[PDB]
Structure formats: C-alpha cells, structure tokens
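Enquirer: 3D model of this:
(chains A, B, C and D, ligands or ions: 4)
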4 protein chains.
Amino acid sequence: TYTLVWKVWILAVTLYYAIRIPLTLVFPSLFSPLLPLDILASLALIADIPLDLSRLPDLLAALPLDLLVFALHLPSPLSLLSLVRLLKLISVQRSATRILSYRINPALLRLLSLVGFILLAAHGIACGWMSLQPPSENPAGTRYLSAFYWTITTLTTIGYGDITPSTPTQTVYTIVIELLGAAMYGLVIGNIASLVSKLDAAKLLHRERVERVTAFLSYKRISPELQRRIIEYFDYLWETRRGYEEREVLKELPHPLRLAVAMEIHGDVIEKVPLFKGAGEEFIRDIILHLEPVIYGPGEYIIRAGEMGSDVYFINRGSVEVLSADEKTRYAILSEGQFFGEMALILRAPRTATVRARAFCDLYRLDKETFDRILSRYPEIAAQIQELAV
Amino acid sequence: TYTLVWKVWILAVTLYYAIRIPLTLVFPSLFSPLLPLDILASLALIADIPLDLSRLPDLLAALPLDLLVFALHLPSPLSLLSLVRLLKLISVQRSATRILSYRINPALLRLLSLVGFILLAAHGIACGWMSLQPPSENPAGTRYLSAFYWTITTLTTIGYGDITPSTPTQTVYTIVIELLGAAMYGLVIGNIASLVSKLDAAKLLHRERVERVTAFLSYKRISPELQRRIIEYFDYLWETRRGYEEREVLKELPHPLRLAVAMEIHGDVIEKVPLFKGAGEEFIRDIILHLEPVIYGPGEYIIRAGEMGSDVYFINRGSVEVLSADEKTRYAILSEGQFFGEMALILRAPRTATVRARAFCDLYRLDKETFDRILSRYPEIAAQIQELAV
Amino acid sequence: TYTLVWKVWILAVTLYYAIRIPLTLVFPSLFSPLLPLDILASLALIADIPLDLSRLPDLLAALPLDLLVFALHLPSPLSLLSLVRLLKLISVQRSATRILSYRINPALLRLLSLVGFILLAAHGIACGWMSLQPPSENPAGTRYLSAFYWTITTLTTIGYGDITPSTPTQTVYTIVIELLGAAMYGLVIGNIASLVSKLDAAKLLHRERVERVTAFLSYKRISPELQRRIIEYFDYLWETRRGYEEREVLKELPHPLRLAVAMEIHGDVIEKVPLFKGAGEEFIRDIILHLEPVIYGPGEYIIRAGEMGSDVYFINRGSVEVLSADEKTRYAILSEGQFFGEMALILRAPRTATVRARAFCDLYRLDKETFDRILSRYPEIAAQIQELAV
Amino acid sequence: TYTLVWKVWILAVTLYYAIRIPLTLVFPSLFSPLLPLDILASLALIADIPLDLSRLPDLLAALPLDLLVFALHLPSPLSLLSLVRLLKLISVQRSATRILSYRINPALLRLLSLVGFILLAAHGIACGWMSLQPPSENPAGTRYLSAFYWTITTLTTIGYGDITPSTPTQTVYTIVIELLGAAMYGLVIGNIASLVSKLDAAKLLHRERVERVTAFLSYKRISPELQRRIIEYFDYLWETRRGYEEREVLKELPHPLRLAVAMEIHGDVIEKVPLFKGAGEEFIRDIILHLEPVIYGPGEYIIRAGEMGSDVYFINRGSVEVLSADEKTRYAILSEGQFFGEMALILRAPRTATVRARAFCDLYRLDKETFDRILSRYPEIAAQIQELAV
Ligand SMILES: Nc1ncnc2c1ncn2[C@@H]1O[C@@H]2COP(=O)(O)O[C@H]2[C@H]1O
Ligand SMILES: Nc1ncnc2c1ncn2[C@@H]1O[C@@H]2COP(=O)(O)O[C@H]2[C@H]1O
Ligand SMILES: Nc1ncnc2c1ncn2[C@@H]1O[C@@H]2COP(=O)(O)O[C@H]2[C@H]1O
Ligand SMILES: Nc1ncnc2c1ncn2[C@@H]1O[C@@H]2COP(=O)(O)O[C@H]2[C@H]1O
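Expert: Residues are numbered from 1 along each chain as shown, chains lettered A, B, ... in the order given. Ligands and ions are numbered 1, 2, ... in the order given. The protein structure is shown below:
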C-alpha cells in the first residue's frame, strides 16, 4: 500500500525522461528553466537502488550522467551518451510484468507495453529526424509536428510521400527507421493475432466436440430423433456449466479442497437421510467422495419398476417424478435435496416404482459395490443399518 | 418469432443513426425534410428499455438528446455530444453475439461485426475530414466521395498520397486516424489469421498422428509391407469416420444417452441370437454396453482353427468369410448383422473353423471374463444358457 | 490413370477462360482468329456433366453463354454476363482439394490456390481498369502493362501513387478494389501465419516438456549431476525416436496391427529362448503383447546381485554387460537379440550376478505376476516349464 | 572444437560471395584488385565436399564457375550464371538448423535466418535495379544508395513513390519484386506471430484452468470463503512450482530415473525412521516409489483425534503443528524432514492427537493397503516391524 506510490513515481520519472531528453537534446534553448524538477527527479532515480536492495540497467541509469553535458558543451557525435538512462524502461517493464500481470491478460499487458514503447520510440525518432535537418526559420511547434507526422507515416507502413529525404544521411536514417518500423509493425500484428486467437476457447472447444460427435453418429446411420436429443443435451450443458465435465474439473484440486467442496455441496442433503440421522462423521466423509454424477434428459428412464436395481440416487438440481408400474397412477413428485431409491442397499430386492425424469435432473448416483466396500470396515454403522433394515 | 423483428428493427435504426448523424452534423442544409422518420425512430429507440426490462449505454442512448441541437444552434466544439447514442452499436453487438452466435462460427461473426464497424468508422471519419476542410464551391457528392476515398486509402495502409493535409489541424487529424487505421488493420489481420488457423483441425490432427506413427515404425526397422498395410488402414479410417476413435468419442455422452446409442446401434443384432430369443431385457441391457469394437483389415486372421478361443464377435458393417482348418474348403460366408463365434462361451472348447476377413469388418468383440462376470448375477439366464449348451 | 488427364484438361480450359474472357471483353478487335480452339474448349466444358454423373456452378458454366455476344453486339452494362462460367474455378478448387490434397500439406495447397486466385483476380482487375479509362492513342501492350502494374501496386498495399484516378467512377473502382486487395492481403497473411505456426510441432513439444521437467526439478533442489543425466537422456530420446513415447504411440493401432508389429519386432528374439524351443504359438502370442519397454542410461543398475528379483529382460537395441557381486570380475558381455535374467520365473530365488548397462539399452521387461497369470491357463506349457526348471 | 571454426569460415565465405558477386557483376571496374582473397575463398569452397564426405547444391557451388567470366567477356543475358554458387546459403541454413538449433528457440533461429536472407536479397535486388538503369554521370556510392533505399521502400510495403519506373522493363522488374516483397513480408509477419503465440504457455494454461474451475464453482453456488481459499491455493501453486502437478510431471521419466529422483528427494527422510534404522535396502526402494503427494492449505485438518486413521505422513517442505483432542494444549511442533502419524500401520488403532497445518505443507502420504501389499512379501522386515510394534 506504500510501495505502489513509489512504483508509480518511478514509472512517471522514467516516462518524463523519455519525453524530455531527446527534446532538450535537439533544442539547446531548453533546460534553462527546468532545473529543480529535473534535480528532484534525478534524486528520486538515484534513490532507487538502496530501496530495491540484473542490476546493470539500474547501475547505468542511476548515476547523474546528465546535468553535466547540457552546459558543458561537447560535439554532437559524442553527445548521444545522454540516453543511457533510457534503459530504465526495460526495468520498468520487468517490474510491471510482475506487480500487476495477473489482474489482466498477460498478452494484453504485453500489447499495451509495446504500444507505449511505440509512442516513445516515435517521439524519439521524430526528434532525431528534426535534429538531422537543414536549418531554417520556422516555429519549433510546426517543425516538431511535421517530424512526428512523418515518423508516424513511416512507422505505420503507409508512406504518403509528401515529404522525402534529400541528403544521403537523411536517406540512411529513413532506411534504418524503415526497417525498425516494419519490425515493430510485425510485432504489433503478431501480438494482436495471438490475443485474438487465445480469446475464444470454451465456445470453440465445445463446438468442436459437438461437431465431432454429431459427425460420428451421422456416420453410424443413427435416428434423427436421438441426434436432436443429444444436440439439445449438449446445448443445455453449454448453457448451464459452459460445457465442462464434472469429474474432469474436480480433479485439479487436492484431496482436502475436494473434500471441502463435496461437503459444501451436500451440506443440504447429508442431514436429510431418514435411514441415518447422522450418528457418525467418518462414514459420511467416506461416502460423500464416492458419489458419481450423471445427467438425465427429459423423458429418460432412471429406474424401471421390474428391474433388479442396486443404486441409490441423490437429487441435486433438477426435479423428478415417480410413476407406478403401469405409468398411469402417479405416486409422488420430488425436487432438489430430497433423494429416492433407498430400498436398494439394505437388501437385494427388485424395484417397486418406475421413476421418470421431467426436466434435466443433475442428480448424483451411488452404486452398491463401493457402498458395501466402504461400509464393511465400519461395524457399528453396519449394525445401525441392518437394525433399521428389518 | 415475434422478437426477431424487433431486434432487426433496432439494428436497422442504430445503423441508420450511424449513417445519418455525422452526415447531417457536417451538413446544416439537411434534416429539414427528415422529421417524421427520425421522430418515429427516436420513439422506437426510447421504447427499448421497457421491453428489455449493463444499462448504461441504453440509458445514454435512449433519451432524445438529438432533435434539439439541430435547430437550437450552438458552436461546433460542444456540438460533438450528438454522437452519444452511437454507443447503441455496442449493445447491438452484445445482443447479436448471443441471439445467433451458434448458427455460424463465432470467429466469423466477430470478423463480420468488425468489418461493419470498419465501414461505419470509415464513413464517420470521412464526414469529419470533409467537415475539417477549407470552404470551397464544389458539389457535395464529389466532396464526400473524395473524403471517403482518402479515408479508405489511409485506413488500408496504402497511402497513394495524391491529396495531403496542409494545415496543422489536418495533420493532427491524419496522425490520429493513422494510428486508428493501423490498429484496426491489425485487428482484421489477427481475426483472419485466427479464423484460418482454426479451420482445418481433423485433417491436420490425423495427418500429424499418422506421420508420428510412420516415423516411429521407420525408426524400428519395420518391414515396408506392414508400413503399407498400416498406411492403408489409416487412410480407410480417415475416409470412413474422419479418423475418430470409437471409445474416445463415445465417452462425452452420459450413461443414458450412451445406452440409447448402443441400443439403436444393436437394434438389428440383439434379436438375431439363436441361443437366446430375448427372454429378458436386463441381460441384454447389461451385455450391450460391454462390447469392445475392433477393426480388422483385409486378409487378417480373426480366429484360427486350432487356437483356444474365448471371445464372440458381432459383425456390424463389413463382410467376413469362414474357412476350414486347411483353408481350402470354404464353409460359409457372412455379412453384417449375423454374428459368429458362439461356440466359445457355453463351454471351454477349442475353435473349429478358421475365420478370415475379406474387407474391412468394423466388427465388435465380446470377451469371456466380463460375460461371465455380468452373467453370474443372473441365475435364470444362466440356467437358460446351460440348458441349451448341452 | 485415365481421369487425371481429364482433370488437367478441365483445369487448363478453366484457366484459359479466366485469362481470355476479360481480355477479349475489353478488346473488341480480338476473338476474330480464336474461333476453333474456343469451340473445342466449349465442347470440352459442356462434355463435363455427363462424365461427372452442388451442380449449380456446373450448370451455370456448361452452357455456351459465350460465342453469341461477341458478334451479337449489346451495350457494355449488360455485357458483364460473359463471366458466369468463371465460377468453374470454385468447382476446380473443390475437386483439387480432394484429388491430391493428401500428397502435400492442406495449408500449403490452400495457400497455392489462393495465390493462383490472386493472380487471376489481378489480371481481371487490370483488364477492368484499362477498360474504364479515357480513350487514347497508345499501344495495347503498354496500356495493359500499366494497368497490371497499378493493380499489383494497389493489391499489395504499397501505393506508389505515380498514377491516380481522376474521374469519380475511377475513384469508386479504386475504393472497391482497395477493400478487395486489403481483404486478400489479410487472407494471405493469415494463411502464411497458420502454415508457419503449424510447421514445428515435435521439436517444440519436446522442448516444452523438457523445460517443464527441468524447472520442476530445479524447484526441488535436485543435484546438478542428476539434472545433467536427465538432460542427456532427453537429448538421446529426441535424437533417436524424436521424443515419442513407446506405449503412447503404440495405442492408435488396433489389436491385430499391434500384434503384427510386436511379432515383426520380436521375430529375432522369440526363437532364441533356451528354456523353450517354441512348442506352441498361442503362448508366444500371449506373452509378446505384455512386454513393458524401459530405457536404461549409461551406468544404471538393472539387476543387483543380492536383491530378490522377479523380472526377465529382453535386449532389443543396446548392449549390456554382466558383472559379479563384487564388480571386479566380469562374467560375460551381451548384445541385442540375446536376453538375460531367465533365472527369475521358474522359482522364487535371489539374483546371482549384478547387471550394469554400458550404453543406452532400449531393453524390454517382462514381470512375474502377469507371466504367471497368462501361463496358469496353459497347463502343457506349465509342465514343459517346470520339467526344465529342475 | 575444431569444426566450429570451419563452419564459421564457410558461413563467412558464403556471405562474402552473396555481398560481392552482384556488386562486381554490375560493376566491371571491380574485381581487379580482389584476386588473392577470392582465390583462397574459392579454394576453401572447393575443399568442402571432401571434408563433408543432398549433394546437389554443394556440387553446383563447389566448382570454380566464377573467375572465368569476369575477364572472359560475354553478353549480359547469359552472364547471370555467376549466381549458381549462391545456393550455398541453403546448405548453410540446413547445417545451422542442426549444429546450434537447440541453444535457442527454433522459431527465433528461423526468424533470424529469414532476416539475413531478407538483407541479402535486398542487396541483390538493389544491385539488379541499379544495373537495369539508363547510364548517367554520378558517383557509384549515391547510385547504390538510391537503389538500396528504393528496394527497402518496396520490400517493406511503404511505397514513398519519390522515384518511379519509366521504361517497361523497369516496370516489370518492379512488379516481380513487388510480389516478392509482399511474399517475404508475409513470411516475416507469420514468423513473428508464431513466435509471439508460442511464448506464454504456462502462465496462460494456469490462468485458463483456474478460470475454468472458478466458473464451475461459481455455477455450483459455492461459498465465497472457499472460493478465496481455492484461489489462494492456486496462486501459491503457481508462485511455487509454476502450476505443474507432481504426478503429471514425474511420468515422462522412465523407471530408473524416477527411482533416482525419489531417492535423491528422500535421502534426508529415509534415514530418520525411529521404527526402522534401515536394515534392508530393497524394502526402502519398494516403499519410496509409492508415496502419494498431497498439498494442505493453512488451517486444514490433516488428522483429527477421534477418527480411525490408517495413513502415515512424511513432511517434506512445510511446517505443521500437533494439537490435542480439545485443541487447547499444544503437544509439539514439527518441521521438514521429521515425519508423524507412525502409530497407524503397526496395529489397527484410532488416532490420538489432532494435527493441524499452519502454512502450506507439501507433505507426502503413504496409505495402509499398499504398505501391507508391499510388506507381505518381505517376512524378515515384517518380523522386525511387529517385534517393535509390541
Ligand atoms: N409413495 C412413495 N413416496 C415417495 N417415494 C416413493 C414412493 N413409492 C416409491 N418411491 C420411490 O420409488 C423407488 C422405486 O423403488 P426403490 O426400491 O428404488 O425405492 C423407491 C422409492 O425411492
Ligand atoms: N457351417 C457353418 N456355418 C456357419 N458358421 C460356421 C460353420 N462352421 C463354423 N462356423 C463358425 O466358425 C466358428 C469357428 O469356431 P467357433 O467355436 O468360434 O464357432 C464357429 C462358428 O461361429
Ligand atoms: N556366466 C554367465 N553367462 C551369461 N549370463 C550370465 C552368467 N551368469 C549370470 N548371468 C546372467 O546374470 C543374471 C543374474 O541373475 P539372474 O537370476 O537374473 O540370471 C542371470 C543371467 O541372466
Ligand atoms: N508428544 C508427541 N510428540 C510428537 N508427536 C506426537 C506426540 N503425540 C502425538 N504425536 C503425533 O500425533 C499423531 C496422532 O496420532 P497418530 O497415531 O497418527 O500418531 C501421532 C504422532 O505422530
């Protein structure tokens, strides 16, 4: 909460140097009134390494290499050493790609940093171009504006051609910044293409898998009604949970977090068991992790009155109805929370009523063999179960 | 069926505003005859929020901010507030990316929306450029056509340079729209690249996997004839089912849909069992989900007369022949639907005839151990089986 | 072998129409000597549908819509209907993306087709531009060359600007072909980007996985020597089999092809068993599919004299040495083909000699429990084994 | 160490030929003083095939096809055969993509090679353009600089248009190099886009999976506190091990390397067992590979005093505390290396103390059933265990 201000200030002073140094390098008339803010900015920059404490850009930028050759006059070719502290931008970018890189998309952050670098380099190239120019009597503002317009035209690969170089040195400068502008335009194109490509992931993956399964059944000469049912089920899955499988997403979590997730999910179902009031937490903790989720569409047969039957079902989201053997006299209707199929684990007996799903159910299924496997090691719970069984 | 007309009308009125508002902003001579259609369009726009009932663009666009400053004359710099309702395009795009985004490729929809935005922005920029221009005596049509040609030339990064800015404000406008045009050209390039990259998926994945396996066997000093056989098998798989594995595509479906798919597939094979007429549906439902699909090429040995043999085979698509032990006297020829290998489950006896595949078979195999496991729990079916066994 | 000539001829006649029709549309002086070749080409085109026998481009292109309005003079605006047969290119591309799409990369084929379409469209646009031009006394060759140069300059987004439109219709044509050229340049950029991205797959996947594992061990404070050993092993794997796992590539094949591959691999090892001369093919066929491949680096301990030991090893590629318990008196040296570790399955006895690997071995391991499981069902082979055991 | 100099020399001589041959082809005044270095370079090139010993570029480049037609004067159209040895660049690239392709990213190497080819082709095209030019009295340096500037302007799709072709042959040359420049700019764009897209992999994959799981729990109406806990756990995993699962990264290694990794990891834990001083290496080697890693967050319940308990835990990185049943009297605090939970394998007894994690633990868990399975086959270790059990 107290270092964010420092990081913002160091970014601001680096950006101010980037704007200022070439502008006062081309113009000797400047830097006369800009003494105190520059002095305090230089103090802020040199007061960076002790707070930070690889180190090379910081070492090469922290020393007051400026403020001497602005009045200590030297020829132009050796005067280019005033841009050594411009390497502060690299450290600023390396710090910004770690302090806030997770709030936004890293590709977006890289693109924004590249755009800022483009603007700074365009300003620097415009300053250099207007420096490397025959002298004339004209206002400074128009002279800088023309240079900026020309460097924007060159860097964007548009090439209006209204103004063209004349002397060979201008032509060489144009060639080198033409290669530079082409390279940076390529970088921007690549960044935008990558960001666009890595934008739609789930909506394309679900479409690809539904297309694959639709083509596969279309080969198998399947009936159109079943095709419509499967397409509707996939559309429902995409609309509900964005086409993510249950057990394929509840696997990255470790054991305790998965157990906590299951407990929070079934905290409204575990205490509504008529055959077990909750006399024991270890048994509930063991049985809660072995629930197998299944999805039943509208009109699907969950349990048929007449089959053997060995599985119990816990209703989680949808609503289900219970019908008779002849499917003409409805017995009862169930909803979320309350479960059914309890007369399948206490003895090996056939089912009694046919259960038909009205809408999408999102119910969880517990089998028989795993239940027996994880109940056989608890004798007290077993006694409490077969005392109520008969 | 009654809201699609409303959505089309709101898209039409938004597009009409986008075309109209800058054109009548630059031209004070217009808007004189265009009273009633504008009034009804404004009523249609303001009658959007009650039908809809985040809300910010709708609130900022629904109010009749226009129709007052068209005759209530104000200076140009503050007159730009007539484009507030142009934010309706964002809501239109957000509604279109949900009402019909699944009929076509989402990347294609995004590209088309971007192209429409490009055209609208080009028209707006042309109107602004012809507004920011020294006055002259010329027809309005040619003056607008020149501006549109110039903004198309700038936005496409071509830069003919026949017409160039003169005043500094024209140069600043050119610079800002040059950055804008470069950005949107980058967006279009990225969208096209992503759409092209995400076009060929199966034809490239199958090619990659066949190249991988071909290189792997080429390392292992494998015989060329087996290489040709495997290449032909992979080509057949790609031609038939687009190179999709059976069990790797019949796994996204849940249990009931998979059971229905299996039932629909084997609805012509389950009733053609000579050893079981169908006295029981639970047994058929249990055995239908455990069938293991295999593919046999031309000339492959399915069953050899002399081996032990424990598996039964159901023919699904291809045709197979039955040969004798000496492979000189053909016994019978089989086709789809009818199965063989039934004298392998009722007792532990060696095979009798050698079965050779003529063409690609696409037959399904059922093993012995799983069959015994899922038959041991049905005593009546077991009695009905070993009564016919001997 | 007889339809390839027909496909080449239909491609040639379509390309000839594409070159010819606009050129003789702009030039009324042509088509005078080009009667017979055009007549036979039209006969070849109209003789396409009976050989082929969706059908719409073929129907719209097969009829002799040309050869009437070349001398049956009509005004220019309605004369554009002579390009209806240019839709033959779509059918040609759809046929070419199936007749030879698997010899080369599909992305490369799409790029080449797009380049051909670019050239044809550039020629057509040049013809249209030189048609829409004020009349002048100049040679036809130079007039066509200037138009082609201009349309290449426009389509490549270069924009020299030496020649510019003057009349409004020329400006409209320039605008529409500018949008067209931008769109096709975007398509070419996207195709090239996709082809480059989908070029290096294995060399990048292996690099990514080795970087992942190197970083993971670098976190775990692992010794540098083990890091060097693992890096060398990964480099050896990439150099040898392009970084493809054995069991992860021998799984796409079905059961019979995998069995044939295993038989061809071990056709030099299965007959060199001193404890079993080969009295039975079913046992060999059963044991050949359960071999587990492992890789041992230089200096790794395969078997230590003193451990319990339950696995047998078959040498496939590398060479291994056998040392004594004290690792000072070498017993024997082995190479590919010949196996060792046979005194581990016939009784539960401890190992006798320490086996150390010299170079990379690529040997296959067979365990004890699976061997017993697949031998217990063969009593004769069991008797033949324990008769030689003692 | 002695062939790298030779490869550098062959690259240098090929690059020197690439720079030199067109420059002395356009200028007949050159090549007069450049006899001896050219002679030794030709000897070095012709002395390449014997050291190397497909061969076609080497054969076509090794022979001294130059040095004859530089003074043996022939007309220009047939003089283009002096560029046959320029195919040496293809062999140089093919050698460079194998000698050092693994030190850097292969995409980066391809991009750098393409950039070098761009520079060489630009120089060659500039030489050709200044050759195909009307004669004039001007310095050679300015004449070459203008040509280089023009070819850079053309190849970068900028098109200043200050200088334009006049004769038809210049226009044809401009057209062909315009297509060439567009193609190579597309190649550069594609390479940059691929390199950018294949740059951020782990930081994007972890973000995608955490977004997927966050959305999935957001659907399930999960409590915000558990969401915060899971988000913090995922952030910790990314900060610590870059979001790589343990068992999903310790699977590419084969059996011996994995065993060595486990031994090096537990070389500080295996010798700190109070119940077993280390009387046997086979038992330790067997039990070390079956450890199951788990991650426990701050405040998670590892062991509760009152549960049954069957697993032992080895602390690896984090620190854990031990509390009493009532969680008011702390018993002891543990750290890395030292383990706990030992009173769970020697008999079936309930736990005694509740263990709560303070910070992230990174501890490893060993279960009961696998321990019994891999201990039952060692009778001496079993006797040594149950002698200390009681
Ligand atoms: N009257 C009823 N009220 C509520 N649920 C019932 C009723 N009758 C049957 N069921 C449920 O329907 C199921 C059908 O047979 P089960 O043995 O699975 O257990 C049964 C109960 O779960
Ligand atoms: N005459 C026949 N007609 C049809 N099928 C046969 C005939 N003889 C053998 N078969 C099939 O060939 C198989 C070879 O041995 P099986 O025990 O697998 O069972 C046999 C039958 O499926
Ligand atoms: N003299 C020998 N020649 C060849 N191989 C041997 C010799 N002595 C031992 N071996 C091999 O070394 C192995 C060590 O113990 P095994 O029981 O695995 O079986 C042994 C043989 O495979
Ligand atoms: N006084 C103690 N000092 C260190 N560890 C203990 C102490 N008491 C209990 N523990 C640990 O806490 C565990 C709780 O029950 P366990 O049977 O898992 O084995 C116990 C020991 O690992």
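
Enquirer: can we go C-alpha only for contacts and neighbour counts from here?
Expert: Will do.

Enquirer: Leaving out chain neighbours, which residue sits closest to the residue in the stretch 101-250 of chain A positioned nearest to chain D?
Expert: Taking C-alpha to the nearest C-alpha, chain D has its nearest neighbour within the stretch 101-250 of chain A at residue A:190, 3.7 Å off. Nearest in space to residue A:190, with sequence neighbours left out and distances taken as C-alpha to C-alpha, 6 or more residues apart in numbering or on different chains, is residue D:193 at 3.7 Å.

Enquirer: So the one you found versus residue D:184, what's the distance?
Expert: Counting by C-alpha to C-alpha, to the nearest Å, the gap from residue D:193 to residue D:184 is 14 Å.

Enquirer: Which one's more surrounded, these two?
Expert: residue D:193 (27 against 18; other C-alpha atoms under 10 Å in any protein chain shown).

Enquirer: can you tell me the helix or strand for the more buried one?
Expert: helix D:168-197 (DSSP states H and E).

Enquirer: helices or strands next to that helix in the packing?
Expert: Under the contact criterion of 3 or more C-alpha pairs under 8 Å, 6 or more residues apart in numbering or on different chains; DSSP states H and E, helix D:168-197 touches helix A:168-197, helix C:140-155, helix C:168-197, helix D:106-131, helix D:140-155.

Enquirer: tilt between the third one and helix C:140-155?
Expert: So the one you mean is helix C:168-197. 60 degrees (axes from the mean of the first three to the mean of the last three C-alpha atoms, to 10 degrees).

Enquirer: isn't there a helix covering residue A:313?
Expert: No: assigned with DSSP: H, G, I helix; E, B strand; the rest coil, residue A:313 falls outside any helix and is strand.

Enquirer: That one: what's it in contact with?
Expert: A:339, A:340, A:341, A:342, A:363, A:364, A:365, A:366 (C-alpha atoms under 8 Å, 6 or more residues apart in numbering or on different chains).

Enquirer: Tell me, how many residues neighbour the third one?
Expert: Spelled out, it's residue A:341. Around residue A:341 there are 18 residues (other C-alpha under 10 Å).

Enquirer: Show me what residue of chain A gets nearest to ligand 4.
Expert: residue A:282 (15.7 Å; C-alpha to the nearest ligand atom).

Enquirer: Would you mind pointing out the helix or strand that residue falls in?
Expert: With DSSP H and E as criterion, residue A:282 is part of helix A:281-288.

Enquirer: got the contact list for the next helix or strand after that helix?
Expert: Per DSSP H and E, helix A:281-288 leads on to strand A:292-293 as the next helix or strand towards the C-terminus. The contact list for strand A:292-293 (C-alpha under 8 Å, 6+ apart) reads A:246, A:362, A:363, A:364, A:365, A:366.

Enquirer: Can I take it that residue A:67 is in a helix?
Expert: No: counting by three-state DSSP, residue A:67 is located in no helix; its state is coil.

Enquirer: what's the straight distance from one end of stretch A:127-141 to the other?
Expert: Criterion C-alpha to C-alpha; first-to-last residue distance in stretch A:127-141 is 12 Å.

Enquirer: buried residues in that stretch?
Expert: A:127, A:128, A:129, A:130, A:131 (16 or more other C-alpha atoms under 10 Å in any protein chain shown).

Enquirer: Hmm, residue A:120 is touching residue A:18, no?
Expert: Yes: counting by C-alpha atoms under 8 Å, residue A:120 does reach residue A:18; the two are 6.8 Å apart.

Enquirer: quick one: which of the two has more around it?
Expert: Taking other C-alpha under 10 Å, residue A:120 and residue A:18 do not tie; residue A:18 has more neighbours (22 against 15).

Enquirer: ok, the more buried one to chain B distance?
Expert: 20 Å (C-alpha to the nearest C-alpha, to the nearest Å).

Enquirer: name the element that residue belongs to?
Expert: Residue A:18 belongs to helix A:4-26, assigned by DSSP H and E.

Enquirer: Identify all contacting residues around that helix.
Expert: For helix A:4-26, the surrounding residues in contact (C-alpha under 8 Å, 6+ apart) are A:30-31, A:41, A:44-45, A:82-83, A:86, A:88-89, A:92, A:120, A:123-124, A:127-128, A:130-131.

Enquirer: List buried residues within those residues.
Expert: Buried among the contacts of helix A:4-26 (16+ other C-alpha under 10 Å): A:31, A:41, A:45, A:82-83, A:86, A:88-89, A:92, A:123-124, A:127-128, A:130-131.

Enquirer: Now do the phi/psi pair for whatever residue of the stretch 201-350 of chain A ends up closest to ligand 2.
Expert: Nearest to ligand 2, among the residues of the stretch 201-350 of chain A, is residue A:220, at 25.1 Å (C-alpha to the nearest ligand atom). Note on residue A:220: backbone dihedrals following degrees, to the nearest 10 are phi -80, psi 10.

Enquirer: I'd like to know the phi and psi angles of the spatially most central residue of chain A, please.
Expert: Nearest residue to the geometric centre of chain A (C-alpha atoms, centre = their mean): residue A:105, 5.8 Å. Here is the backbone geometry of residue A:105 (degrees, to the nearest 10): phi -60, psi 130.

Enquirer: Residue C:212 versus that one, what's the distance?
Expert: Here the criterion is C-alpha to C-alpha. By it, residue A:105 lies 22 Å from residue C:212.

Enquirer: and if you look at residue A:132?
Expert: Distance, residue A:132 to residue C:212, by C-alpha to C-alpha: 50 Å.

Enquirer: what does residue A:55 give?
Expert: 27 Å.

Enquirer: ok, these two, which is more surrounded?
Expert: The residue with more neighbours, out of residue A:55 and residue C:212, is residue C:212; 17 against 10, by other C-alpha under 10 Å.
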